[PDB]
Amino acid sequence: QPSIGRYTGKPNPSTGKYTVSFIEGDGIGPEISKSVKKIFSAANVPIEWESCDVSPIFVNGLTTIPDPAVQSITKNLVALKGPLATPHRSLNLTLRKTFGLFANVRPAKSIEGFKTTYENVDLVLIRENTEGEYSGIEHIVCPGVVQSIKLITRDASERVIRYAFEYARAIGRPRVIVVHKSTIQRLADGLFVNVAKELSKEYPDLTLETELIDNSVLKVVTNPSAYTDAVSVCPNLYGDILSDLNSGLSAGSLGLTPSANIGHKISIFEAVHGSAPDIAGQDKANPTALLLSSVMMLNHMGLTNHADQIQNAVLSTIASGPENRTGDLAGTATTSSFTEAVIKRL
Amino acid sequence: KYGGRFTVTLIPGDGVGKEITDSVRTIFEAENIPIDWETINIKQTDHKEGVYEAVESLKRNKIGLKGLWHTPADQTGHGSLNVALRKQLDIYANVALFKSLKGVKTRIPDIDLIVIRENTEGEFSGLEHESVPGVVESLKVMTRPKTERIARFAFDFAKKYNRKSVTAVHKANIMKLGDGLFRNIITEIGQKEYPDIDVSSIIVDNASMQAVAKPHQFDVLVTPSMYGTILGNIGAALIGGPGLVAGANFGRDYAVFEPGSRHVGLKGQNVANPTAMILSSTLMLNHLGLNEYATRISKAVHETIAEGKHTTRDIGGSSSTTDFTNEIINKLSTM
Amino acid sequence: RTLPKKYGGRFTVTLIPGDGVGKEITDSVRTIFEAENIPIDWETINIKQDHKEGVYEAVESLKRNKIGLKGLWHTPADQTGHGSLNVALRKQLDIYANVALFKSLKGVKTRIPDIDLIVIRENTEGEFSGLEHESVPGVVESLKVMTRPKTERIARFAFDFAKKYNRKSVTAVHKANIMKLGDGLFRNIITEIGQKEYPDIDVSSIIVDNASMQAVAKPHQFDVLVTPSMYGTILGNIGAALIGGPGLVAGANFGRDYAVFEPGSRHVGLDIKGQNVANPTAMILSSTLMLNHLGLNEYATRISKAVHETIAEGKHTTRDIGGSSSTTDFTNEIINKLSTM
Amino acid sequence: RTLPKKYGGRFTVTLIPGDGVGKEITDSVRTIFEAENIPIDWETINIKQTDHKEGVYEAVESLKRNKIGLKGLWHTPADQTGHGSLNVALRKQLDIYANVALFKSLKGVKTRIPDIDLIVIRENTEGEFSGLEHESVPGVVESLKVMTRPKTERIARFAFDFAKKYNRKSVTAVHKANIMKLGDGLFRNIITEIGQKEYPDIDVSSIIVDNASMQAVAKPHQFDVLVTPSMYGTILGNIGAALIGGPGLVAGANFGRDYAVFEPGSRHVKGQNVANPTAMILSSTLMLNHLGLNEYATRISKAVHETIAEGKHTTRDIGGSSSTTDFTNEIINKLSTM
């Protein structure tokens, strides 16, 4: 397990059950969270929930996160949130700032037995979350001229890059590939690559390659499998675009995609799809994305046995046979029929 | 039944650039085209006397055909020549054509997108500085006159080649001001000046996902400098590689034709695919007003690659670039 | 971008061919242009049977390209400067100066030889902006305006044009003897702008009726004529007759941001109704005015020499200047002198 | 309609009195003006600290209507430096781009250096007044400021036009082009070029700002009209104020193409009824000149010069002991007998 954002263990002194904040979110949030609890109870995992509300409170006009949830998550050190709709400042952006979340882990894997347009893709991308265009400033200089100001620092970089190494080691992959843009015509990418080379020597079991973002997308799209022995890191700039391109390779959408937001102590795990309100209540939601984030969360906690149980068999294998799946995957099942269909092979 | 020879600048590039450039030279003499090359030698992508000579030659001839350097600089749009073309000649629009070819095994069939990218601003005109140690700061500009140009260029292009959709690709969700300016100017120029053409917008991260999953929904993509390279490489992968991608670069007074992907990922003697260079060659011919010649040359290469024989190794063949050229020349004499 | 539309050395120019004859003479130009391999792409506008969607499309095309080549409709509207297209060009594009060139041609039999006059007429006011009403039956009333800013523009245009083409005389044509206020304003403004801003150029005045008489009897005394809308059509038609007819008269229309090139007489008395018989000279020569304006004009000198040479030798000349060849024959002869040129 | 608002020979002018002291000196002008029966109606805007965004809006709106304004002081640090809502509104919305301060020595004021006569003209829309500042990594502040050729051309023409109108013979551009070779280089160059091509009868020159500071406190007489960027004008202006006996004596004016606002040139950089109204009154006469009155301006100007010349009734900051009211009444007194 990665030393960088290590989980401080400690089950509940009395129940022998780990405390985990929730945040069920909204839209299809409720019914997808329900499904996660029924599969966590049915597989008997050492976890008691604690649903939080993160509705954006305002303090000085600067969006702030409610104190009930802050204390809950700071204490539990882990959270598992579902989707939430778009209200001043960014809801996701303040979430990362308050809990010190610096790395975003975005797996994109093909589903065995489910025919998608690309095959045998198993991609892992770690992107920086602190600086870049997230901490960016825009202003009008002369009357028709926007200037943008973006920052990159050695500190924030030597941190997603450490984590990328420790995560490659922790899931058994030989190569970490730093992705960047023309290194000589941008000394911002030059700094990111140099920081990667400095850390290269503290991880001799791992091979560091560097690649132009141009080449990476050309290669990954012609042949995704060529990267299933690697973990990619990139600066915050291209993170958004690359991770969404990976999900297009694995699935053709964000529908089946898990994500992890790792901080020094806290770590939040979430699906990346929307609230999709116009399908809420109707029981058509697909809990796979949130389920797979559960797996990532388990693995981050050390419950490896339960992680593989709930992932290995379960939804991975149940996604085989069309009378399962869900409306999104040209299937026929319902969010209820899916949940126990998974508990079947649980 | 004409009466002149066009002098056009020829900048072959490195070794492979010379191979594929020579293919075009060979096809052109064989077709007896009224074109005299004014061939310029630059060494590095930064050889100062060569860049000056190339610029000076384009100033005289206005039209140019350009091969590759497979240094990282040429492939990304930097390096002395590219910045000279952009700063001195004001060549502001890069065009790349991604059409699927009849005999190339691709995971997604029948692709037809065009990517037009702004070439004088954003990535290409910043400032970067390290003022306190370990902190790098970028300062980039987006301006309304530059974006108006690129908009009109893209619409005018759609008009001329009967395209029905122009989609601006931007990141206005985060960069609300600069990329917002870009999205707005494109969509306004669409509604007031080009009503017959469908304008739309897409956030670049969604456009990346959408391009590898459902490419058919797109027609003409217009983007700032920073996203064009990424969209263009998805485009190249979609149709079977950089070897297949025609390209052109325009300014008000100058045009320079060259492979649209800069052969980014595309090793050995006489093995490289000359198709991108040849197809870029035909864009040049159309532009010059020839293009009877262009239709023939184009038919010849499509026909050649359609029949899996004599095809080069990157599209599943085993023939050399020379074999492929000769096959093309062969179908030309019998047509 | 106040500039003519241009990508990679190639201009996009609006082409509005017009009716059947307009299409014949327009095609003559298209043909000569491809033959000379000129860097011009036509954005051709089909105005199908003073139809409203076509006029809108032509205006919109001119707004984009800034430069246009226009053929004829031989309806009475197009020939007089009215009809949807012409008013659109004048109201929406503010094209305010109509220029017609009347130069005698080497091989054309004319009663008076060696003519060289230029008629510049104001195109936004007077005749073209009135109001007319019948308020009591059997009584029609016209209300027309003449304004100093419009007449200042046309004055500076005329003088700037004389400067550029080394003309030495500018004469204002007016009717100030009767319209002492309105045409007085016109004569005065032209002569003042002449003395203060263009001293190297001779300014003068002539009453329009006298100018008519003087133009048919002793055309040589005139150089550049500047007139209001209402008298320019008349002076122009005397001009056309003097040099052998409408088929030989180049023309141009200018605004601040736009230019549209077209035969200077609107092929008024260019009847000769039949297939492939019309004289393309006016269209071709107007074509070369356009080339000059675009900065080409090496091409313009060549094309101009070709047509002057072709008409100088009575062979292959079209039927209205005494030949018997079709417009196609004439075009091909010109293209022929061009390849050997 | 781009003229001052005027009906039947009477002008409506915006009056923005300011804080407590601003109201004292403003009232001095109001009093002298009614006494002289001048055809001016005040449209007085009270900007309260209990309806303030609303007061700036009202003052801007009033200036848009009237075009001319008379403005008192706030002795907050913001008003004195050129920032704070009103000043930015005047600069951003009304495009008032030229600040003028007049430093003429007065007949009866004890000063270490006698007979001073300099004018400082400062650019008011750029540099200091249009930056961006950010702290992007903790403990590091970065400033981004612009200097542009059109703004500096305006200020140059303004300064030369001003020299022409008031028969000044020297215009010196004050800059820091030795270090800021590009930006302040632009400034020095534009000023000196506009001088040689468009105003040959006027002597142009340049001086580095640090040397100009030394030169101003030691040998002020060598200077005539100083033109400077925003950032150096405050410093030069305060040397100017000290040179002639303090902020209370310094007339001022602010111009845009369409607007003019008159106000003490030093921003007066506290007891009841003790403040010197001279700066406000003299600024008041600059306004009268501008309005085309100025017969009235000559009289009012003579009255205050005469009053301060005789050490009686003078206010406490120039060595007298009278209240602002006593001073005002003395001036009004010499006016009736005039």
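Residues displayed in chain D correspond, in order, to Swiss-Prot positions 19-287, 292-360.
Heads up, header says this was done by X-ray crystallography, 2.7 Å.
Each Cβ is built from the backbone N, Cα and C atoms, and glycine gets one as well.
Here is what Swiss-Prot records for this protein:
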BINDING   D:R109, D:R140, D:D228  substrate binding site
BINDING   D:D228  Mg(2+) binding site
SITE      D:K194  site 'Critical for catalysis'
Distance, D:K194 (site 'Critical for catalysis') to D:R140 (substrate binding site) (CA atoms, angstrom):
15
Cα distance (Å, whole number) from D:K194 (site 'Critical for catalysis') to D:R109 (substrate binding site):
24
What's the CA-CA gap between D:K194 (site 'Critical for catalysis') and D:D228 (substrate binding site) in angstrom, rounded?
8
Could you say whether, by DSSP, D:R109 (substrate binding site) belongs to a helix, a strand or a coil region?
helix
Among the recorded positions listed here, D:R109, D:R140, D:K194, which has the most company in the form of other Cβ atoms within 10 Å of its Cβ?
D:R140
Pairwise over D:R109, D:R140, D:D228, annotated as binding substrate, what's the top Cα to Cα distance to the nearest Å?
27
What is the number of other Cβ atoms found within 10 Å of the Cβ of D:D228 (substrate binding site)?
13
Please classify the secondary structure at D:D228 (substrate binding site) using three-state DSSP.
helix
